[PDB]
file final31.cif (mmCIF, C-alpha atoms and all ligand atoms)
data_query
loop_
_atom_site.group_PDB
_atom_site.id
_atom_site.type_symbol
_atom_site.label_atom_id
_atom_site.label_comp_id
_atom_site.auth_asym_id
_atom_site.auth_seq_id
_atom_site.Cartn_x
_atom_site.Cartn_y
_atom_site.Cartn_z
ATOM 1 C CA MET A 1 -27.083 -2.184 -2.010
ATOM 2 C CA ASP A 2 -26.625 -4.003 1.340
ATOM 3 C CA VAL A 3 -23.578 -6.236 1.664
ATOM 4 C CA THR A 4 -21.468 -7.790 4.383
ATOM 5 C CA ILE A 5 -17.654 -7.783 4.021
ATOM 6 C CA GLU A 6 -16.114 -10.984 5.235
ATOM 7 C CA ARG A 7 -12.562 -12.281 5.688
ATOM 8 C CA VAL A 8 -11.792 -15.332 3.588
ATOM 9 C CA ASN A 9 -10.508 -18.117 5.846
ATOM 10 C CA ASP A 10 -11.750 -20.978 3.583
ATOM 11 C CA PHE A 11 -11.623 -20.298 -0.190
ATOM 12 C CA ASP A 12 -13.555 -23.506 -0.833
ATOM 13 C CA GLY A 13 -16.590 -22.186 1.081
ATOM 14 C CA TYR A 14 -17.684 -19.736 -1.668
ATOM 15 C CA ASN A 15 -18.981 -20.107 -5.195
ATOM 16 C CA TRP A 16 -16.353 -18.173 -7.160
ATOM 17 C CA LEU A 17 -17.603 -19.179 -10.643
ATOM 18 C CA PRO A 18 -19.694 -16.017 -11.227
ATOM 19 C CA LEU A 19 -16.792 -13.766 -10.290
ATOM 20 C CA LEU A 20 -14.380 -15.836 -12.388
ATOM 21 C CA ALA A 21 -16.727 -15.788 -15.384
ATOM 22 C CA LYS A 22 -17.497 -12.054 -15.411
ATOM 23 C CA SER A 23 -13.936 -10.962 -14.756
ATOM 24 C CA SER A 24 -12.613 -13.239 -17.504
ATOM 25 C CA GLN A 25 -15.275 -11.933 -19.925
ATOM 26 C CA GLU A 26 -13.988 -8.435 -19.272
ATOM 27 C CA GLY A 27 -10.377 -9.502 -19.920
ATOM 28 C CA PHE A 28 -9.241 -9.435 -16.259
ATOM 29 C CA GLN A 29 -7.105 -12.301 -14.910
ATOM 30 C CA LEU A 30 -7.008 -11.014 -11.363
ATOM 31 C CA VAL A 31 -9.694 -13.352 -9.912
ATOM 32 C CA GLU A 32 -8.285 -16.317 -11.830
ATOM 33 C CA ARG A 33 -4.748 -15.540 -10.665
ATOM 34 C CA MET A 34 -5.875 -15.226 -7.042
ATOM 35 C CA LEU A 35 -7.722 -18.509 -6.970
ATOM 36 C CA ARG A 36 -5.190 -20.480 -8.949
ATOM 37 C CA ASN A 37 -2.277 -19.257 -6.764
ATOM 38 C CA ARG A 38 -4.123 -19.662 -3.454
ATOM 39 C CA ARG A 39 -1.866 -22.405 -2.039
ATOM 40 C CA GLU A 40 1.265 -20.193 -2.199
ATOM 41 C CA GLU A 41 -0.488 -16.827 -1.757
ATOM 42 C CA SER A 42 -3.148 -17.936 0.657
ATOM 43 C CA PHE A 43 -3.821 -14.504 2.207
ATOM 44 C CA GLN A 44 -3.956 -16.338 5.584
ATOM 45 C CA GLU A 45 -0.591 -15.364 7.057
ATOM 46 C CA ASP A 46 0.195 -12.410 9.279
ATOM 47 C CA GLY A 47 0.245 -9.197 7.237
ATOM 48 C CA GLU A 48 -2.241 -10.445 4.642
ATOM 49 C CA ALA A 49 -6.012 -10.823 4.192
ATOM 50 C CA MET A 50 -8.537 -11.479 1.469
ATOM 51 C CA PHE A 51 -12.108 -10.190 1.776
ATOM 52 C CA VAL A 52 -15.349 -10.907 -0.071
ATOM 53 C CA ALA A 53 -18.508 -8.756 -0.229
ATOM 54 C CA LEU A 54 -21.611 -10.984 0.236
ATOM 55 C CA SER A 55 -25.100 -10.004 -0.853
ATOM 56 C CA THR A 56 -28.209 -10.392 1.331
ATOM 57 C CA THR A 57 -28.652 -13.759 -0.383
ATOM 58 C CA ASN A 58 -25.060 -14.997 0.401
ATOM 59 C CA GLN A 59 -23.705 -14.464 -3.133
ATOM 60 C CA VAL A 60 -20.224 -13.146 -3.724
ATOM 61 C CA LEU A 61 -20.365 -9.657 -5.288
ATOM 62 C CA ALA A 62 -16.736 -8.604 -4.904
ATOM 63 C CA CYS A 63 -13.339 -9.507 -3.593
ATOM 64 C CA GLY A 64 -10.170 -7.706 -2.595
ATOM 65 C CA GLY A 65 -7.311 -7.877 -0.153
ATOM 66 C CA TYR A 66 -3.728 -7.112 0.692
ATOM 67 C CA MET A 67 -0.377 -8.705 1.358
ATOM 68 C CA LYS A 68 3.274 -7.720 1.638
ATOM 69 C CA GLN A 69 4.712 -5.799 -1.326
ATOM 70 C CA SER A 70 7.700 -7.810 -2.497
ATOM 71 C CA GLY A 71 11.110 -6.191 -2.109
ATOM 72 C CA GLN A 72 9.982 -3.147 -0.140
ATOM 73 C CA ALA A 73 9.958 -3.038 3.648
ATOM 74 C CA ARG A 74 6.863 -1.774 5.561
ATOM 75 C CA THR A 75 4.843 -1.562 2.273
ATOM 76 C CA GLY A 76 1.690 -3.516 1.576
ATOM 77 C CA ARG A 77 0.156 -4.202 -1.819
ATOM 78 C CA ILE A 78 -3.622 -4.088 -2.343
ATOM 79 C CA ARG A 79 -4.508 -7.029 -4.557
ATOM 80 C CA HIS A 80 -7.280 -8.654 -6.551
ATOM 81 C CA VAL A 81 -9.938 -6.004 -6.175
ATOM 82 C CA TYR A 82 -12.937 -6.757 -8.351
ATOM 83 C CA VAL A 83 -16.700 -6.021 -8.100
ATOM 84 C CA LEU A 84 -19.240 -7.887 -10.289
ATOM 85 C CA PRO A 85 -20.469 -5.569 -13.068
ATOM 86 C CA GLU A 86 -24.109 -5.644 -11.920
ATOM 87 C CA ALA A 87 -22.990 -4.759 -8.351
ATOM 88 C CA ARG A 88 -20.862 -1.708 -9.259
ATOM 89 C CA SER A 89 -21.724 1.916 -8.373
ATOM 90 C CA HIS A 90 -23.514 0.893 -5.146
ATOM 91 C CA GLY A 91 -20.709 1.622 -2.655
ATOM 92 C CA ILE A 92 -19.336 -1.929 -2.422
ATOM 93 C CA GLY A 93 -15.791 -1.163 -3.671
ATOM 94 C CA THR A 94 -15.614 1.779 -1.294
ATOM 95 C CA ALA A 95 -16.688 -0.400 1.692
ATOM 96 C CA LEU A 96 -14.173 -3.091 0.713
ATOM 97 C CA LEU A 97 -11.294 -0.626 0.295
ATOM 98 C CA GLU A 98 -12.061 1.192 3.538
ATOM 99 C CA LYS A 99 -11.886 -2.121 5.395
ATOM 100 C CA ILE A 100 -8.673 -3.140 3.645
ATOM 101 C CA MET A 101 -6.929 0.174 4.237
ATOM 102 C CA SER A 102 -7.910 0.443 7.912
ATOM 103 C CA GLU A 103 -6.669 -3.073 8.613
ATOM 104 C CA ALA A 104 -3.577 -3.025 6.358
ATOM 105 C CA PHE A 105 -2.256 0.211 7.865
ATOM 106 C CA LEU A 106 -1.915 -1.668 11.187
ATOM 107 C CA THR A 107 0.974 -3.597 9.597
ATOM 108 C CA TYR A 108 2.283 -1.363 6.773
ATOM 109 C CA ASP A 109 3.333 2.280 6.656
ATOM 110 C CA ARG A 110 2.567 2.554 2.937
ATOM 111 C CA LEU A 111 0.015 0.863 0.664
ATOM 112 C CA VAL A 112 0.510 0.493 -3.073
ATOM 113 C CA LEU A 113 -1.456 -0.976 -5.959
ATOM 114 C CA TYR A 114 -1.515 -1.375 -9.733
ATOM 115 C CA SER A 115 -4.734 -0.277 -11.444
ATOM 116 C CA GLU A 116 -4.895 0.871 -15.060
ATOM 117 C CA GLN A 117 -8.678 1.171 -15.013
ATOM 118 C CA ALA A 118 -9.811 2.738 -11.732
ATOM 119 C CA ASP A 119 -7.810 5.928 -11.077
ATOM 120 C CA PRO A 120 -10.901 8.027 -10.120
ATOM 121 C CA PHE A 121 -11.925 5.386 -7.594
ATOM 122 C CA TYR A 122 -8.463 5.227 -5.992
ATOM 123 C CA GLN A 123 -7.918 8.955 -5.992
ATOM 124 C CA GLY A 124 -11.306 9.352 -4.302
ATOM 125 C CA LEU A 125 -9.948 7.165 -1.478
ATOM 126 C CA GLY A 126 -6.847 9.327 -1.136
ATOM 127 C CA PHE A 127 -4.285 7.421 -3.207
ATOM 128 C CA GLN A 128 -1.712 9.369 -5.146
ATOM 129 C CA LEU A 129 -1.147 8.521 -8.772
ATOM 130 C CA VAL A 130 2.485 7.640 -9.549
ATOM 131 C CA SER A 131 4.424 6.626 -12.648
ATOM 132 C CA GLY A 132 6.060 3.324 -11.709
ATOM 133 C CA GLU A 133 6.444 0.055 -13.578
ATOM 134 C CA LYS A 134 4.901 -2.077 -10.859
ATOM 135 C CA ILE A 135 2.540 0.410 -9.208
ATOM 136 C CA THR A 136 0.049 3.094 -10.248
ATOM 137 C CA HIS A 137 -1.048 4.345 -6.798
ATOM 138 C CA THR A 138 0.444 4.893 -3.365
ATOM 139 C CA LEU A 139 -0.721 6.101 0.044
ATOM 140 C CA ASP A 140 1.353 6.797 3.149
ATOM 141 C CA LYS A 141 -0.024 5.965 6.588
ATOM 142 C CA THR A 142 0.535 9.514 7.800
ATOM 143 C CA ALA A 143 -1.708 10.806 4.950
ATOM 144 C CA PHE A 144 -4.301 8.139 5.786
ATOM 145 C CA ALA A 145 -4.115 9.040 9.508
ATOM 146 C CA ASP A 146 -4.387 12.769 8.812
ATOM 147 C CA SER A 147 -7.593 12.077 6.873
HETATM 148 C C1 LIG B 1 -13.389 0.186 -9.592
HETATM 149 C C2 LIG B 1 -14.382 -0.568 -8.671
HETATM 150 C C3 LIG B 1 -13.614 -1.501 -7.737
HETATM 151 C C4 LIG B 1 -15.159 0.443 -7.844
HETATM 152 O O1 LIG B 1 -16.089 -0.231 -6.999
HETATM 153 P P1 LIG B 1 -17.627 0.232 -7.012
HETATM 154 O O2 LIG B 1 -18.375 -0.621 -6.020
HETATM 155 O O3 LIG B 1 -18.190 0.246 -8.365
HETATM 156 O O4 LIG B 1 -17.483 1.762 -6.539
HETATM 157 P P2 LIG B 1 -18.398 2.591 -5.530
HETATM 158 O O5 LIG B 1 -19.831 2.425 -5.852
HETATM 159 O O6 LIG B 1 -17.912 2.335 -4.127
HETATM 160 O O7 LIG B 1 -17.991 4.118 -5.974
HETATM 161 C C5 LIG B 1 -16.789 4.749 -5.613
HETATM 162 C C6 LIG B 1 -16.131 5.345 -6.871
HETATM 163 O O8 LIG B 1 -15.773 4.302 -7.767
HETATM 164 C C7 LIG B 1 -15.939 4.720 -9.128
HETATM 165 N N1 LIG B 1 -16.948 3.923 -9.868
HETATM 166 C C8 LIG B 1 -18.298 3.885 -9.622
HETATM 167 N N2 LIG B 1 -18.871 3.020 -10.488
HETATM 168 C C9 LIG B 1 -17.905 2.485 -11.285
HETATM 169 C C10 LIG B 1 -17.912 1.558 -12.338
HETATM 170 N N3 LIG B 1 -19.023 1.012 -12.809
HETATM 171 N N4 LIG B 1 -16.732 1.224 -12.954
HETATM 172 C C11 LIG B 1 -15.556 1.812 -12.550
HETATM 173 N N5 LIG B 1 -15.537 2.723 -11.522
HETATM 174 C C12 LIG B 1 -16.700 3.056 -10.893
HETATM 175 C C13 LIG B 1 -16.343 6.184 -9.037
HETATM 176 O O9 LIG B 1 -15.178 6.993 -9.081
HETATM 177 C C14 LIG B 1 -16.999 6.300 -7.682
HETATM 178 O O10 LIG B 1 -17.007 7.616 -7.167
HETATM 179 P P3 LIG B 1 -18.409 8.331 -6.767
HETATM 180 O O11 LIG B 1 -19.324 7.433 -5.955
HETATM 181 O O12 LIG B 1 -18.134 9.564 -5.931
HETATM 182 O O13 LIG B 1 -19.116 8.710 -8.042
HETATM 183 C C15 LIG B 1 -15.404 -1.410 -9.458
HETATM 184 O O14 LIG B 1 -16.311 -0.621 -10.197
HETATM 185 C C16 LIG B 1 -14.725 -2.375 -10.394
HETATM 186 O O15 LIG B 1 -14.200 -3.573 -9.956
HETATM 187 N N6 LIG B 1 -14.653 -2.076 -11.689
HETATM 188 C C17 LIG B 1 -13.950 -3.008 -12.560
HETATM 189 C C18 LIG B 1 -13.988 -2.554 -14.009
HETATM 190 C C19 LIG B 1 -13.243 -1.251 -14.121
HETATM 191 O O16 LIG B 1 -12.091 -1.192 -13.678
HETATM 192 N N7 LIG B 1 -13.895 -0.229 -14.698
HETATM 193 C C20 LIG B 1 -13.312 0.572 -15.767
HETATM 194 C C21 LIG B 1 -14.252 0.735 -16.962
HETATM 195 S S1 LIG B 1 -14.685 -0.818 -17.820
#

call {"tool": "encode", "arguments": {"input": "final31.cif", "output": "structure tokens"}}
result
Amino acid sequence: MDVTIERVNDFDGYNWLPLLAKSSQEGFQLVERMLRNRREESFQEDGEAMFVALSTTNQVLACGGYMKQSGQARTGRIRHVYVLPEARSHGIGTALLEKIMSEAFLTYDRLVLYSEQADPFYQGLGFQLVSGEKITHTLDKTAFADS
């Protein structure tokens, strides 16, 4: 499934309702939280970015990004990763994550994330599963580089 991955510079330039609706149906708040909190966590500052995957017809099929992990130094947190159900299993999440990781490791020496649902996906990308309160997966830059 052909997509383009694009940096979000203007949240108001996309129709987010499909992503909001499907994610909410599934019990996920992550798209809602992202869009509601977008004035404070804009993903526009240095060390942060939000991406969308656009279909060949300009429709949003996924989102995901990164920003600074609070309290840690040199650690970034991967945030708000979600692919529309009908768009899953076509390589979109992998393309999105590869872009995020390659860019985020320019700023951070470690990337972390919290995912209860997608361990196989994240392990396939090289993340290590960890038992923390705030994080489920971690990846050091040196491990990323060595791959
Ligand atoms: C996890 C997620 C981001 C992966 O993105 P994706 O575009 O579907 O994944 P890709 O097609 O790039 O596949 C990469 C890996 O992701 C995983 N994956 C594939 N389809 C998936 C799906 N429908 N749901 C969860 N994970 C999936 C597989 O481990 C896959 O490895 P493989 O290609 O070697 O078999 C995406 O499916 C998603 O947002 N799922 C949300 C719902 C969820 O968490 N699923 C749990 C069960 S309800």

call {"tool": "closest_atom_pairs", "arguments": {"input": "final31.cif", "of": "segment 98-124 of chain A", "to": "segment 68-74 of chain A", "cutoff": "12 Å", "atoms": "all atoms listed in the file", "output": "CSV"}}
result
residue,atom,partner,partner_atom,distance
A:104,CA,A:68,CA,9.6
A:105,CA,A:74,CA,9.6
A:106,CA,A:74,CA,10.4
A:107,CA,A:74,CA,7.4
A:108,CA,A:74,CA,4.8
A:109,CA,A:74,CA,5.5
A:110,CA,A:74,CA,6.6
A:111,CA,A:69,CA,8.4
A:112,CA,A:69,CA,7.8
A:113,CA,A:69,CA,9.1
A:114,CA,A:69,CA,11.4

call {"tool": "resolve_selection", "arguments": {"input": "final31.cif", "expression": "the PyMOL selection byres (((chain A and resi 13-29) around 12) and not hetatm)", "output": "PyMOL selection string"}}
result
chain A and resi 6-12+30-37+51-54+58-64+79-87+115-117

call {"tool": "closest_residue", "arguments": {"input": "final31.cif", "among": "A:125, A:50, A:118, A:139", "to": "ligand LIG 1 (chain B)", "atoms": "all atoms listed in the file"}}
result
A:118

call {"tool": "closest_residue", "arguments": {"input": "final31.cif", "among": "A:88, A:77, A:38, A:141", "to": "ligand LIG 1 (chain B)", "atoms": "all atoms listed in the file"}}
result
A:88

call {"tool": "closest_residue", "arguments": {"input": "final31.cif", "among": "A:92, A:100, A:143, A:5", "to": "ligand LIG 1 (chain B)", "atoms": "all atoms listed in the file"}}
result
A:92
